[PDB]
2 protein chains.
Amino acid sequence: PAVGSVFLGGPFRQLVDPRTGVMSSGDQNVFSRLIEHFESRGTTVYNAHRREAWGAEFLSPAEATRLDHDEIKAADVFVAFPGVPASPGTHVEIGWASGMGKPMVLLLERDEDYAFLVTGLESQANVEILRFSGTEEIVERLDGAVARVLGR
Amino acid sequence: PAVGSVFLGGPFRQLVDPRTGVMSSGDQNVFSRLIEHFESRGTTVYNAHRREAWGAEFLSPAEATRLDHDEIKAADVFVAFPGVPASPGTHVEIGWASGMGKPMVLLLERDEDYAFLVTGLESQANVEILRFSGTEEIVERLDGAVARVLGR
């Protein structure tokens, strides 16, 4: 495959309905669709949401931190939704990735406000910002952003 | 001084009263007191809150990102409140600092829940977590945490 591996990040705990103990199937659908987008080409995807049963089976904080950091480091590209409101864990990961010089694509909801230390990464780290209004738009544009950051 | 420089981080935008355009004086007081704690010993403090007029004068996202990253890198120690709710920018910085192997002290409100990728850094990065119930407790314990992480 052109892309050997990706780490896919995004809000996790805040998407977990504490009445159900998992993420809704609509939220799971966004991630599983992007995962399939990559796996269908033989690209390895690392992703905590799928890894931890969509919220049913959280790892310990030490374990989550270790695996997330290791897999971001191993992956060729880091692709993440910073989240609205902001995902604390994903923002730590954005720090790890940008501080490491990891190629990254940030998926930002169109017309939503994101942190200065997220949007300010554009053309200062190896990052591309992809603004979107639906899942289909992400699916249709993501490979371009990925290829551009990988090429740098 | 024992500590040459510190970067002090914490929630910024979320503390900015959009009716007043700045942080309240109570919130400014927490930071100015910690700044004085270090400056009174000749330690250089970098801090975006004081730098940007407590919210009155935000830099551009690119500028904030560049200065924050540069000053965290220059500082001997990174001291930050991750915030409740989480500060997006501070979480990016926590990523930068931990990914860099920067000595760090995280100031966490006692009995509040923080992200797994924050608390999970304990004994996996050069970090000490300082739980607190008031400003005075931070002031009274901070040098110990700082000295321990610097010594590693």
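As stated in the entry header, the method of structure determination is X-ray crystallography and the reported resolution is 1.9520 Å.

Trainee: Just give me the short version of the relation of the copies chain B and chain A, but keep the residues and values in it.
Mentor: Laying chain B over chain A is done by rotating through 180 degrees and shifting 0.0 Å along the axis; what remains is an RMSD of 0.0 Å. Expressed as an axis order, the relation between the two copies is that of a two-fold axis. When C-alpha distances to the rotation axis are compared across chain B, the minimum falls at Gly95(B), with a value of 2.0 Å. Both copies share a contact surface, since 100% of the interface residues of chain B are interface residues in chain A too.

Trainee: Before we move on, can you summarise the pattern of salt bridges with the specific residues and values?
Mentor: A full pass over the atoms with the stated rule returns 14 salt bridges over all chains. A salt bridge links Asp68(A) to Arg51(A); the shortest N-O distance between them is 2.6 Å. Highlighted residues: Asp68(A) in helix 3 (residues 61-74) and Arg51(A) in helix 2 (residues 48-51), separated in sequence by 17 residues. When its relative accessible area of 4% is taken as the criterion, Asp68(A) is described as buried. A salt bridge links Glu52(B) to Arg51(B); the shortest N-O distance between them is 2.9 Å. When its relative accessible area of 27% is taken as the criterion, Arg51(B) is described as partly exposed. Each member of the salt-bridge network shares a partner with another, and the members are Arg51(A), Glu52(A), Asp68(A) and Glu71(A).

Trainee: Report on the interface of chain B and chain A, specifying residues and quantitative values.
Mentor: Counting residues at the interface gives 29 residues for chain B and 29 residues for chain A. When residues in the side of chain B that touches chain A are grouped by element, the largest group, 10 residues, is from helix 4 (residues 88-100) of chain B. The residue inventory of the side of chain B that touches chain A, partitioned by class, reads 15 nonpolar, 10 polar and 4 charged.

Trainee: Can you tell me about the nonpolar core, naming the residues and giving the values?
Mentor: Core analysis: the biggest nonpolar cluster contains 41 residues, and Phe78(A), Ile94(A), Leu106(A), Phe78(B), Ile94(B) and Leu106(B) have the highest contact counts within it. Not counting the four nearest positions on each side in its chain, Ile94(B) is found in contact with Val92(A), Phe78(B), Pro82(B), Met104(B), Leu106(B), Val118(B) and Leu121(B). Counting 25 residues, the second-largest nonpolar core is a separate cluster that includes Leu34(A), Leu107(A), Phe132(A) and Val149(A).

Trainee: Give a description of the sheet that holds strand 7 (residues 127-132) of chain A that names residues and reports values.
Mentor: Residues and elements named next belong to chain A. Spatially, 4-1-5-6-7 is the arrangement adopted by the 5 strands of the open sheet, whose pairing is parallel. Strands with a single pairing partner mark the edges of an open sheet, and in this sheet they are strand 4 (44-47) and strand 7. Between one strand axis and the next, the sheet turns by 20 degrees as a mean value, whatever way the strands run. Bridge analysis of strand 1 (residues 5-9) against strand 4 gives 4 bridges, and the strand direction is parallel. Residue pairing in the sheet places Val6 in a bridge with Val45 of strand 4. Sitting on the sheet, helix 3 touches strand 1, strand 4 and strand 5 (77-80), and the angle it makes with strand 1 is about 140 degrees.

Trainee: Now, about the packing of aromatic side chains: what can you tell me, with residues and values included?
Mentor: Residue and element names in this part refer to chain A. What the rule picks out here adds up to 10 aromatic pairs over all chains. Considering the side-chain rings of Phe12 and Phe58, the 5.1 Å spacing of their centres and the 75 degrees angle between planes classify their relative orientation as edge-to-face. In this pair, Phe12 is assigned in the loop between strand 1 and strand 2 (16-17) and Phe58 in the loop between helix 2 and helix 3, connecting sequence segments 46 residues apart. Using a relative accessible area of 31% as the deciding quantity, one classes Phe58 as partly exposed.

Trainee: With reference to specific residues and values, describe the sheet that holds strand 1 (residues 5-9) of chain B.
Mentor: All names here are of chain B. Taking strand neighbours across the sheet as the criterion, the 5 strands line up as 4-1-5-6-7 in an open arrangement whose pairing is parallel. Strands at the two margins of the open sheet, each flanked by one partner only, are strand 4 (44-47) and strand 7 (127-132). Adjacent strand axes in the sheet meet at a mean angle of 20 degrees when their direction is disregarded. Helix-sheet contacts for helix 3 (residues 61-74) involve strand 1, strand 4 and strand 5 (77-80), and the interaxial angle to strand 1 is about 140 degrees.

Trainee: How would you sum up the pairing of strand 6 (residues 104-109) of chain A? Please name residues and give values.
Mentor: Residues and elements named next belong to chain A. Of all 6 residues making up strand 6, 5 are buried, and the element is well covered by its neighbours. Taken together, the 3 bridges between strand 5 and strand 6 define a ladder with parallel strand orientation. Within strand 6, the residue paired with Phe78 across the bridge is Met104. A crossover connection joins strand 5 to the parallel strand 6 through helix 4 (residues 88-100); in handedness this β-α-β unit is right-handed. One ladder, built from 6 bridges, connects strand 6 with strand 7; its direction is parallel. The residue of strand 7 that forms the bridge with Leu106 is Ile129.

Conventions adopted
- Residues numbered from 1 in each chain as written, not as in the entry; some residues may be left out.
- Chains lettered and ligands numbered in written order.
- Heavy atoms only, no water.
- Residues with missing side-chain atoms left out of burial classes, pairs and counts.
- Least-squares fit on C-alpha atoms.
- Contact = heavy atoms within 4.5 Å.
- Salt bridge = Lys/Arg side-chain N within 4 Å of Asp/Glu carboxyl O.
- Helix = DSSP H or I, 4+ residues; strand = E, 2+ residues; numbered from the N terminus.
- Buried < 20%, exposed > 50% of the residue type's maximum accessible area, 1.4 Å probe, protein only.
- Nonpolar A, V, L, I, M, F, W, Y, C, P; charged D, E, K, R; others polar.
- Core = buried A, V, L, I, M, F, W, Y, C linked by side-chain atoms within 4.5 Å.
- Pairing = 2+ DSSP bridges.
- Axes fitted to C-alpha atoms, helices over the stretch in contact; angles between N-to-C directions.
- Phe/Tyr/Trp six-rings, centres within 6.5 Å; stacked < 30°, edge-to-face > 60°.
- Right-handed = clockwise from strand over helix to strand, strands pointing away.

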